[PDB]
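Since the structure comes first, as structure tokens, the remarks are kept for the end.
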Amino acid sequence: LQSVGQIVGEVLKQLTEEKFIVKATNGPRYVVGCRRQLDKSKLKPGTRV
Amino acid sequence: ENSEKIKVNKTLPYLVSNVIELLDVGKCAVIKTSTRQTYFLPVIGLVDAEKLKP
Amino acid sequence: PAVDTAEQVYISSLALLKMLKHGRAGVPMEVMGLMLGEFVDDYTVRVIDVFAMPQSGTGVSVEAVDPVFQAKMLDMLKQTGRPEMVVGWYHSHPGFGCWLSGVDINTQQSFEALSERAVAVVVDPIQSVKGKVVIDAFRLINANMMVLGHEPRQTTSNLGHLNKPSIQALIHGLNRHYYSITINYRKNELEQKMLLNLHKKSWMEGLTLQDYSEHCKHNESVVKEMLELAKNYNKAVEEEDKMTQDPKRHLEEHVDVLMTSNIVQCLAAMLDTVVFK
Amino acid sequence: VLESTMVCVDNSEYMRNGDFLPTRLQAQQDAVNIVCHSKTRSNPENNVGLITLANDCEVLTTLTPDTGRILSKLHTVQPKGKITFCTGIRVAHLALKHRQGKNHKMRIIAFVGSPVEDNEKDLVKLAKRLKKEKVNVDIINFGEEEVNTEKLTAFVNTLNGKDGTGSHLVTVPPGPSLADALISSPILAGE
Amino acid sequence: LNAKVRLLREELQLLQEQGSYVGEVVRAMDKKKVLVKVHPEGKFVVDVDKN
Amino acid sequence: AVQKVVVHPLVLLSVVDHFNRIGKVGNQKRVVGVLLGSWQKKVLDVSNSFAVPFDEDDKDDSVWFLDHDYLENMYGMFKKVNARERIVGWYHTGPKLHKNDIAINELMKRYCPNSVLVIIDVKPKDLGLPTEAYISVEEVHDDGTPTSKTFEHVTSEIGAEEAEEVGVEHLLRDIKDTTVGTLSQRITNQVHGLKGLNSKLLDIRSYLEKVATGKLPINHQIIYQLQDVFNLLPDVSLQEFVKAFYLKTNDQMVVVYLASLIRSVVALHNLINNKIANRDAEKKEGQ
Amino acid sequence: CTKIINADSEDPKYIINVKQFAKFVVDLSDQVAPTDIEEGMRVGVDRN
Amino acid sequence: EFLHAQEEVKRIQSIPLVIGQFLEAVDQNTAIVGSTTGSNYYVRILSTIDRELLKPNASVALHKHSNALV
Amino acid sequence: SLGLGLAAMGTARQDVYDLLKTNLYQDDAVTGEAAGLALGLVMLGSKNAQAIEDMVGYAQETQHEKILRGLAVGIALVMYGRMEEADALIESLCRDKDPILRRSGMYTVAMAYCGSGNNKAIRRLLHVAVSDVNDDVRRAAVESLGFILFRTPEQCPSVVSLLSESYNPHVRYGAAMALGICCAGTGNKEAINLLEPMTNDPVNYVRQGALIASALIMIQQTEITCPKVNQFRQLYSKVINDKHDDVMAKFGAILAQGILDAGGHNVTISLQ
Amino acid sequence: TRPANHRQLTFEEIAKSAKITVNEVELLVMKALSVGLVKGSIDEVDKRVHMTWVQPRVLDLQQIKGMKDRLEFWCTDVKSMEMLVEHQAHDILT
Ligand SMILES: [Zn+2]
């Protein structure tokens, strides 16, 4: 009951290590940070997050 | 007491939505809210996980 | 009697931190809680601590107080050694401003009926970006007083003013139904030192050396940039003095960074060579 | 009579002694159940907690008005280690002081069947101290009577002082039934 | 130094102030009122400021 | 086991407030509470805490009354408020341990298998963090010595949620330092580093004094680590190192020289402009 | 109201189809005639 | 205090910004943008965002709340 | 309590002091503020060790910021006219962690080194005007600076020209009020030159302070004596007759008129 | 025993130590490094061995008194350098 859902989006541009352009499905495009433990190189243009 | 609290927290005005995609990691969801929106749920919630077919 | 524009709500460090934690730990759902505090004489509302309320689903209202939980945990806090009354309530408004809506007004009216000093505080975690705490206290204006032409709150001193009311609160009726109380923070020296411990640097990082290859690369990069700015500044001085700024300013910034970095590392190396043998 | 009681229970190895049918463990379980129920029936506002006397003392249940939880938490008590009576009693006094309801008399009934290996001087000092803080330490002796009877008499005499019926000693060398011995005892008679 | 600090602070204030919509004036109906259509939502009649 | 524990500003403030209120109502050397947090690998995140009623006989040193019922009730209500915070340990605001710490950790291990003590010193120091973390490990000493159930130190750190960082920064806005290296502050940081190194070396020397005289026994892990430290001390008189050191110092000094030359030329330009402006102003005033 | 969810006898739990906005599962409120609801009857619904 | 103000500006040039298309420059330190949300705003430009590079119809990040081009 | 303190100002009557002590020994802001201020007025100059001890102890032990303010002004008045005998108390109050008590320390500096131009006190106040964190204490420090320098009116504008151009509005207001106290009933020219731009500020209370200081300075001044008095009279009239002018700016203008025409053009303000 | 200043052990030194002629000190050091007892290298052209590590072991009270003396010296040096830096930069310390 205390688990707020996320919003699915797609990576687009692969900015600097800590910056990713992500387009939210049926929504706008943001520049977002990545969770530390999530680890990187698994988020390439088109990847679902 | 626990069931009463769950009943109070399941206040009626739900948002009718789909279960477009179902994943595992426990189970998850990629529900499609009828507000033309898509929401990933890491925890399905109160539902019984009755196979919740896509 | 008339409450004057001098009353202050003193939100303790622990109270404020708990408020912000609860807000950002339950966004977007409207989180709520009680204020274990104390009215001292007439101008003080000391919110010693806060008291989270379980998410009741039915938004924020009197229905979400869950009085049994209130009484049980208040009794047990008293057992712990925290005997404070409930001076009002707090509830978040995640991103849509810091004011009161109709349900908020009804709840605060109920709290005033319990005791006509309770303050309703609102925290907006979404716009509470680090460096700016958008929190605001409120109390309702009796419907009779405003129509009677008398001001909602007395004004006996210059304290209480110096606060610019928010446009959002105005358009939602800041002074027509309630009024914003001034929020003060009671910061103890021990608490401040504990807070400093958060980002306090370690003596290691104080005495450590930057990677030497990276240092050389940075020096070379900045010196090349400063070369380019030197050419630009030469052309700028020549042209301005022949026909009679950004180049000079950027060059000053680059020289400053170069000097500070190089001197710091040189001294750190000297200290290491001496101290570690 | 608004009462706050602490039932100290020995779970030392000597509870493996089987003089009381079927075992000393089951006998003490029945006795504690009976005494707790007797305390609760009279003025249910009374509250009862429970202490385990093992290699190191423990408090299984603080002062509560319920008895089923105390029974349930005692049922899983097994015989182990050795008794530390002084520490058990001090923990009981601390629990009494921390009891939520300050409008209760202070009682501690101790199933202490064991040879109490403690020094007589500090023993009498503890008894007098408890008398000073106005405690009533009732003591149920079933076991090494020949060893601990004089010390238990010291307990109760020092606690009573003069006309101090608060603290009592009940010794049961015979083993017909611990529960029946307790129910037909002065401690429960006044309730 | 005072001028520099004041400039930065004023920039901070004016930049953290909320943005503003852009609309197309259908017709300056009435004084102090302007029928304006704001993209993409409907069209309002705004009360123009005194500046 | 747990390799790291990160305590939070909210936990620190709550502990300080608990100690203050208890010492205001009465007098006690320690105050005790439960630490609530979550695990992410072997990195405990102590994100909350709550006090529990607790008193002991400071003379007996083995009689105490930690309230398990109060503990479980508060834990249940904190579960109701927030769910991703399970009991992960306990804390006591005592500068030093006591014989009761092992017993209370045994008590807490019933609520958490990996129960961790966190001593949060309300008295504010100046070199290290206010939190010391301990995990109770009892294992047959490969040393071959008698084994007793005792604590073992756990690496501790202070971290903050973003919603706690905002509050911390706001509370410290008046006495905050710049989040940038200004030359004066960097030199000050180096001086503080020397201070910390000296204090740590003094502590090690005092421990060596005590163990050598005989007051304390030889701790083999301590001696191993000290041996490794002395092995790790560099050699700065080596010619091959002195030459590289002088080379790097000369490179840094030439960069500094170029910087200072540029700065002096800029200052001269500024003064030329000022002299010209003064000339213009005085000529205009005269005419 | 595109589906009365069978009315589950008691606890109706009506469904609504606010056009261009969303679908919802809602109930009545001070509806003095909880029977005159039908399906597709174009009911009025609050905002919050 | 000057260092603090600089740090505050560097901060408001934050991470969670919103993408949008800078449409044109109205005046100095102010311009019109169209955010990917689908709405057009008259926002304020921060200082030193290379107005030379800031050409019409350019991808730019916007402050999530004030929509300022940062 | 206020009336009795005013009536017994400087008398140091033991009975009045003890009655005021009893009235102060409660938990109530309205009574405690007056009780403390009247204690200060009664003990003024006496340097009574008992008075200082009792007032500081109650200030430290109380919980009402209003009582704290009253006791702050009271201690300041108590340690009046004592040039160097006030330094121990000044150091104690300045090092105290209660911001109201630090303000009390600023006021103690002012009262002790009143009208002496003591450079040590000026240095202390100027240091606290920029090092301290509490804007209240900064403003009190600037006011104390004016109180110290009132004897040499030409001297103060040199100090306060820079303070008036401060990014801290509280320090700006303190600068204005310090100029007012220093050049009260003097009608200096550079002081008015500094006040006028401050009279035109975007901050609310800086304008009030500037207006009141200008009234203090130009009290009993004619157009010929100061060719700006008519200008400030027009300014006061304009600010009073305005739509958006802030409440406190209007308050300051109204006061300014009152002081400027104080006593029916028959009384001036001079501290000596 | 050898301090980090002159940890350059020599073939002749190892010969005067555990009895072996200098034609297999090389093999002995190879065995030590391979087992992991020590770390470093062997410059047999100059006939010396560079040690940059040792496997720590358990020590005696006198072996710890020596460490205490070495610390004493290190603490003295650190304190002297601290005082020098603090006094020199006194006017710019924040
Ligand atoms: Zn609300």
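We number chain I the way Swiss-Prot does; in order, the residues shown are 478-749.
So this one's electron microscopy, 3.1 Å, going by the header.
Keep in mind that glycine also has a Cβ here, set from the backbone N, Cα and C atoms.
Proximity of distant same-chain residues to the repeat 'PC 4' (I:511-545), defined by a Cβ-Cβ separation under 8 Å and at least 6 residues beyond the stretch ends, is recorded for 478-479, 481-483, 485-490, 493-494, 497-498, 500-502, 504-505, 551-559, 562-563, 566, 569-570, 575, 577-578, 581. Positions annotated as repeat 'PC 4' by Swiss-Prot: I:511-545.
Taken from Swiss-Prot, the feature repeat 'PC 5' covers I:547-580.
The repeat 'PC 6' annotation in Swiss-Prot covers I:581-616. Long-range contacts of the repeat 'PC 6' (I:581-616) within the same chain: residues 536, 548-550, 552-554, 556-564, 566-567, 569-571, 573, 622, 624-629, 632, 636, 640, 645-648, 650-651, 654, 748-749, each at least 6 residues beyond the stretch ends and with a Cβ under 8 Å from a Cβ of the stretch.
Here the repeat 'PC 7' (I:617-649) is broken down by DSSP into helix, strand and coil counts: 24 helix, 0 strand, 9 coil. Residues annotated as repeat 'PC 7' in Swiss-Prot: I:617-649.
The repeat 'PC 8' annotation in Swiss-Prot covers I:651-685.
Residues or ranges marked as repeat 'PC 9' by Swiss-Prot: I:686-726.
Within the same chain, no residue at least 6 positions away in sequence has its Cβ under 8 Å from that of I:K720 (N6-acetyllysine). If you look up Swiss-Prot, you'll see I:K720 marked as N6-acetyllysine.
Same-chain residues lying 6 or more positions outside the repeat 'PC 7' (I:617-649) and placing a CB less than 8 Å from one of its CB atoms are 580, 583-584, 586-588, 590-595, 598-599, 602-603, 605-607, 609, 655-661, 663, 665, 667-668, 671, 674-675, 678, 680, 682-683, 686, 748-749. DSSP assigns I:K720 (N6-acetyllysine) to coil in the three-state reduction, outside any helix or strand. Break the repeat 'PC 5' (I:547-580) down by DSSP state and the numbers are 23 helix, 0 strand, 11 coil. Secondary structure by DSSP for the repeat 'PC 9' (I:686-726): 25 helix, 0 strand, 16 coil.
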